[PDB]
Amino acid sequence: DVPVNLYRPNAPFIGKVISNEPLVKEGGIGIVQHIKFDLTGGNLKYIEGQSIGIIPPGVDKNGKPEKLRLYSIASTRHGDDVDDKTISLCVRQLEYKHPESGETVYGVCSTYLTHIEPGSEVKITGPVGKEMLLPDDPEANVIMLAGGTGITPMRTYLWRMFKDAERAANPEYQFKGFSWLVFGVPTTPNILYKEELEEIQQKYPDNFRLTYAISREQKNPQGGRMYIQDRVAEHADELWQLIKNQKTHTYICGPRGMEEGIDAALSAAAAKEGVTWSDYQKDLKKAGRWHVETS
């Protein structure tokens, strides 16, 4: 049922870049690109919450061919144009400190992707992943806790739920539940897909809540920069109340180490009703209602 490994690294699908557009507005930190690829000529199918591999050119420092890097799929199964012909990614250019042999270091695959030109051919593998899948139940509640490019799978869910063209293409999925995105980025220019997220909240105010944690523009009650963990703490009681519903799913995506402050906040909330969150959460994971993808 769920598509997986239609293409593998030994015989990847050769896609073509259609577009490569910037998502970080002026005044933002770093580069994050929305890249769309042409899937025509092959049979790559996928669903929301999955990833694909990209094999970049070149050799590593030891002379060995570069291996694939995984990227969360940014588009619904139908692609951004709802034509079942494309797939999109949301790729940050990795760049980091001097300490590691040199000065500014640039990631191999992410630099390749963020600078790729339309018309270029790329090696694609996958799709992969069954741990970030969206329920078919149109009355589910969906909590989405995203940091940075952790937004990516959330885009696939929200587009499927709320885009006019998606609703028209998906007669069996007319979302009537409640979804809540808490999205942590450093600046307003760094709010990936800001305009479309706010368009969704305006059209569906009873079915979608949008909460930002903007670290360079907002301070938590303790005086520190505002992070996703601070917003979860601020709304811990209400998030816990939603989580108790048998039909609620929670999705967490972003940098590794983001889970710890989220668990601390929810643990304090659940403890007020005599529940140990770590135990309750284990049961949610087993039931397929607690979805995590961090790296």
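The numbering used is simple: start at 1 and walk along the sequence shown.
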Item to complete: Could you check which stretch, 112 to 120 or 181 to 189, carries the larger mean CA temperature factor in the entry?
Response: 112 to 120
Worksheet item: Taking the recorded C-alpha temperature factors, which stretch has the higher mean, 68 to 76 or 216 to 224?
Response: 216 to 224
Worksheet item: Which one of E48, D60, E26, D38 shows the biggest C-alpha B-factor in the PDB entry?
Response: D60
Worksheet, complete the sentence: From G53, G30, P56, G257, the top C-alpha temperature factor is at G257
Worksheet entry | Entry-reported Cα temperature factor of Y157, expressed as the chain third it lands in | lowest
Discussion item. Considering every modelled residue of the chain and its Cα B-factor in the PDB entry, is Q174 in the lowest, middle or highest third?
Written reply: highest
Fill in: Ranked against its chain, the third holding the CA B-factor of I262
highest
Worksheet entry | Assigned third (lowest, middle, highest) for the C-alpha B factor of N141 | middle
Fill in: Relative C-alpha B-factor of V2, binned into the chain's lowest, middle or highest third
highest
